[PDB]
Amino acid sequence: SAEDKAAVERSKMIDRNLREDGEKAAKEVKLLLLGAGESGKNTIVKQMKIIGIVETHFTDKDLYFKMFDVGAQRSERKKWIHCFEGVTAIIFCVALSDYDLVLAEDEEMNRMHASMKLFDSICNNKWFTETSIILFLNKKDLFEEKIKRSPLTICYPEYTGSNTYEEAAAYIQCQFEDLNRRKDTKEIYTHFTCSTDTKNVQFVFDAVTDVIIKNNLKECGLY
Amino acid sequence: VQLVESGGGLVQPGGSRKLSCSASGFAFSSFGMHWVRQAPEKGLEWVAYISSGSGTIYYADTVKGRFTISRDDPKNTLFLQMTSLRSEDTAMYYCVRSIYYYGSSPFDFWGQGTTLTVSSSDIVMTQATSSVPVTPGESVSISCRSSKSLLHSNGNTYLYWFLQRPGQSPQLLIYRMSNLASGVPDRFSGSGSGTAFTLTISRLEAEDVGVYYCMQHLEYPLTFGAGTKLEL
Amino acid sequence: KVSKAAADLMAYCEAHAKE
Amino acid sequence: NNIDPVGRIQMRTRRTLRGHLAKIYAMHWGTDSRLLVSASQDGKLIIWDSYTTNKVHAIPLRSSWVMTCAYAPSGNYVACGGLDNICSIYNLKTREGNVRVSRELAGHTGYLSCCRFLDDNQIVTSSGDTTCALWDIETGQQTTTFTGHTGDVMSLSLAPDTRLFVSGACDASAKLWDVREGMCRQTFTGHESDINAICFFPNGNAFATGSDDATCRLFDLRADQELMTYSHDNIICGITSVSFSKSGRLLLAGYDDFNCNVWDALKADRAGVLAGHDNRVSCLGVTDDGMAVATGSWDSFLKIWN
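Protein chains in written order, with the authors' numbering: chain A, 6 to 56, 183 to 354; chain D, 2 to 121, 136 to 247; chain C, 29 to 47; chain B, 35 to 340.
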């Protein structure tokens with residue numbers, strides 16, 4: 006019939022539109038931001054803006196992409212990661228003001244233990260293993276101030292290191308790979324993100340160009 | 002939401018004329034557009050129809066090779082070029098918006114059209144009646160014949176019902192002869208075999224004198240015919 | 029009850045002639 | 035033990051829907067056995083069909099992540115889920131437009147899991163903060179609120195008589211909720227682990243429930259207890275979705291082994307064995323007539339079995 010004949014052309018047009026949309030979305034890297042409670046969730050998105184999930188967009192050197200902030204969500208991790216299966220890059224914004232606060236009334240331990248537990252649950256996961264988790268270090272000035280005023284080994288009796296700015300900023304990286312079991316197909320990237328200058332974004336944006344190729348080589352199978 | 006048509010005036014047999022239709026308020030790349038025309042003497046006749054997004058194009062057996070159509074998605078302006086027109090094709094053109102999908106109800110909003118006066136294989140559908148004086152509110156039953164066998168896989172009637180209402184365009188109100196469209200209440204019923212169709216009309220309201228039009232929805236050259244007219 | 033609501037689907041689920 | 039065994043029933047594929055790239059989470063089948071809607075991951079409201087095998091509508095959405103898709107019984111309204119608490123309602127029959135929005139549903143704190151259409155006016159949503167309340171498009175606000183689960187709910191199930199709905203959270207328990215008064219009437223427990231999806235019996239005397247404990251059971255409303263249990267020894271995984279037949283004689287439960295299992299009513303025998311799924315199945319839909327059953331997995335393959 007005429008309707009059944011025009012349905013073929015309508016299907017062809019809608020499939021062409023869907024393919025165009027998929028090709029446009031296949032060139033946008035999907036970043037998944039998460040962190041602890043009020044761990045610099047708003048100060049990081051207010052940096053590249055001038056130059183309940185949250186949707187943000189910003190283009191750099193002719194590379195447009197979308198970024199998803201988890202926002203405020205009090206739910207379990209068994210049914211929340213199923214929607215986020217296949218994310219290429221998970222940016223964790225660890226807090227540097229959680230090891231000094233006292234133990235919470237509801238939590239069995241302080242906020243730093245909850246942070247490391249969330250990191251362990253988001254890293255030692257059986258669903259996504261080929262993906263990658265990057266770490267962003269925010270609020271470094273106040274962290275250095277509070278670590279020069281108050282010591283850091285008083286709460287961490289595991290080591291006997293000194294109390295400086297470089298040693299403290301360098302020891303927090305090696306303490307994250309000991310909890311990971313699979314290392315041949317998983318990696319963790321850590322970068323320094325200052326809060327005083329805006330020219331640091333391009334210091335980590337190219338870092339994305341380091342990880343994406345990885346999953347691109349995931350299509351190669353030569354690794 | 003509106004379809005204004007311009008391009009009226011006088012034209013000579015054997016020349017050219019520009020007929021344009023400005024339409025806005027909808028996705029122009031997701032709807033069908035028909036070029037049906039109505040004459041003050043004969044009924045409706047289909048001349049051309051192109052799919053959405055400038056896809057497939059078809060014509061009739063007496064127009065393919067003489068006229069050419071066009072389309073414009075960004076500016077949303079229509080075009081129609083006349084090439085060596087005769088004096089026996091005088092009518093009043095339209096600009097119809099359509100849409101084709103499963104369970105669709107096309108032919109909702111049509112145009113008003115301007116008067117174009119000119120100086121000096137194919138299946139044909141048959142009707143049942145031409146004009147009969149029936150009082151309003153007498154359980155009128157309009158019948159329709161056919162000369163084709165309907166054995167489609169879905170199992171429905173491929174025919175639409177049009178009503179030429181004096182004042183505006185003959186919009187579509189009864190589609191597939193078994194469902195109700197938008198803007199009309201559920202008060203009709205269609206039945207019959209695969210060849211004959213029996214459409215009943217109950218409790219007619221006032222000012223119903225318009226002429227009906229029957230069609231087929233299995234072939235591109237939509238054979239309308241004369242149609243059944245009613246009186247006061 | 030128990031078997032009254034089950035015999036209804038037992039006649040159309042297996043006797044489907046691809047209609 | 036007393037009912038005559040139906041025997042081994044062979045299930046074959048009737049059609050395969052291809053042309054989508056996003057992950058298929060929900061597959062809601064309409065009450066007319068003609069159309070069905072599915073969910074995507076890039077904000078593409080896609081509607082499929084069985085016989086014609088041709089999509090009819092696709093519109094980009096503001097919310098990229100879509101958790102569910104609710105199809106109206108009359109085929110007039112459609113609504114998708116989302117993790118950003120944006121339950122945008124859409125309609126098909128529109129003048130001078132394909133798909134548009136009129137009212138915006140908002141006010142939820144937890145993530146939306148599934149949505150069901152009670153009728154053409156009142157709808158119910160399943161959020162991730164133990165608020166499976168009912169909503170309306172006209173007033174744009176919720177009428178009644180349902181609470182009483184210690185954990186958040188992730189599944190819903192309506193009843194054919196359009197009078198009540200059963201809801202079961204991750205507390206390994208299911209509770210019935212009335213639309214008029216709006217409170218739990220009866221609580222059923224007995225699952226070893228949390229549940230994923232629940233289904234209701236077409237007659238209305240009981241309802242089945244699948245969990246991750248590799249067990250199935252149907253709680254009776256009159257007896258206030260389950261009749262029989264569907265245990266499994268060689269199955270270590272759980273059940274992601276459960277559904278009934280046209281009248282409730284045949285049981286359908288999708289497992290994590292990239293397949294599905296068809297269970298009997300009382301014999302508890304795997305009559306039908308499914309296969310062919312490349313990825314994990316998410317949700318399956320059974321038509322009202324019970325002729326064919328469509329399944330939805332993560333490999334963007336909407337295969338229909340008949």
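Virtual Cβ for every residue (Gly too), placed ideally from N, Cα, C.
Could you compute how far the alpha carbon of residue i sits from the alpha carbon of residue j?
{"i": "B:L152", "j": "B:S191", "result": "10 angstroms"}
{"i": "B:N268", "j": "B:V100", "result": "34 angstroms"}
{"i": "A:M243", "j": "A:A235", "result": "11 angstroms"}
{"i": "A:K248", "j": "B:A92", "result": "41 angstroms"}
{"i": "D:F177", "j": "D:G44", "result": "11 angstroms"}
{"i": "D:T57", "j": "D:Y95", "result": "21 angstroms"}
{"i": "A:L39", "j": "B:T164", "result": "23 angstroms"}
{"i": "B:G41", "j": "B:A305", "result": "6 angstroms"}
{"i": "D:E153", "j": "D:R218", "result": "7 angstroms"}
{"i": "A:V342", "j": "B:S279", "result": "48 angstroms"}
{"i": "A:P282", "j": "A:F274", "result": "11 angstroms"}
{"i": "B:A287", "j": "A:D328", "result": "56 angstroms"}
{"i": "D:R72", "j": "D:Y102", "result": "22 angstroms"}
{"i": "D:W36", "j": "D:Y60", "result": "10 angstroms"}
{"i": "B:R197", "j": "B:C233", "result": "15 angstroms"}
{"i": "B:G330", "j": "B:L168", "result": "26 angstroms"}
{"i": "A:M240", "j": "A:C305", "result": "23 angstroms"}
{"i": "A:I184", "j": "A:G202", "result": "5 angstroms"}
{"i": "A:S326", "j": "A:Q52", "result": "9 angstroms"}
{"i": "A:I221", "j": "A:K317", "result": "12 angstroms"}
What are the residues that DSSP puts in a beta bridge with residue i?
{"i": "A:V233", "result": "Bridge partners of A:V233: none, in fact."}
{"i": "B:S207", "result": "B:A203 and B:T223"}
{"i": "D:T118", "result": "D:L11"}
{"i": "D:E46", "result": "D:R38"}
{"i": "D:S23", "result": "D:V5 and D:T78"}
{"i": "D:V97", "result": "D:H35"}
{"i": "B:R304", "result": "B:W297"}
{"i": "D:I189", "result": "D:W176 and D:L195"}
Can you tell me whether residue i is buried or exposed, with buried defined as 16 or more other CB within 10 angstroms of its CB?
{"i": "B:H62", "result": "buried"}
{"i": "B:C317", "result": "buried"}
{"i": "A:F323", "result": "exposed"}
{"i": "B:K78", "result": "buried"}
{"i": "D:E6", "result": "buried"}
{"i": "D:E46", "result": "buried"}
{"i": "B:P236", "result": "buried"}
{"i": "B:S245", "result": "buried"}
{"i": "A:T219", "result": "buried"}
{"i": "D:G242", "result": "buried"}
{"i": "A:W258", "result": "exposed"}
{"i": "B:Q44", "result": "exposed"}
{"i": "D:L166", "result": "exposed"}
{"i": "B:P94", "result": "exposed"}
{"i": "B:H142", "result": "buried"}
For the beta strand (DSSP E) containing residue i, name the first residue and the last one.
{"i": "residue 357 of chain A", "result": "Nothing can be reported for residue 357 of chain A: it is not among the residues displayed for chain A, which extend from 6 to 354."}
{"i": "B:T263", "result": "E260 to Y264"}
{"i": "B:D170", "result": "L168 to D170"}
{"i": "B:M61", "result": "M61 to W63"}
{"i": "B:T243", "result": "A240 to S245"}
{"i": "D:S204", "result": "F203 to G207"}
{"i": "A:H188", "result": "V185 to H188"}
{"i": "A:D200", "result": "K197 to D200"}
{"i": "A:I319", "result": "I319 to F323"}
{"i": "B:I81", "result": "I80 to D83"}
Which residue from the options puts its Cα closest to that of residue i?
{"i": "A:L232", "options": "A:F267, A:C286 and A:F199", "result": "A:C286"}
{"i": "B:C204", "options": "B:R129, B:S160, B:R46 and B:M262", "result": "B:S160"}
{"i": "B:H225", "options": "B:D291, B:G319, B:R219 and B:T263", "result": "B:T263"}
{"i": "D:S197", "options": "D:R67, D:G104, D:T69 and D:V149", "result": "D:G104"}
{"i": "B:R134", "options": "B:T102, B:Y124 and B:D323", "result": "B:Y124"}
{"i": "D:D223", "options": "D:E42, D:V149 and D:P75", "result": "D:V149"}
Just reading off the alpha helix (DSSP H) that residue i is part of, what are its end residues?
{"i": "A:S16", "result": "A7 to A30"}
{"i": "A:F274", "result": "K271 to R280"}
{"i": "A:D337", "result": "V332 to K349"}
{"i": "A:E216", "result": "A:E216 -> no alpha helix (DSSP H), and no H or E assigned at all."}
{"i": "A:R242", "result": "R242 to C254"}
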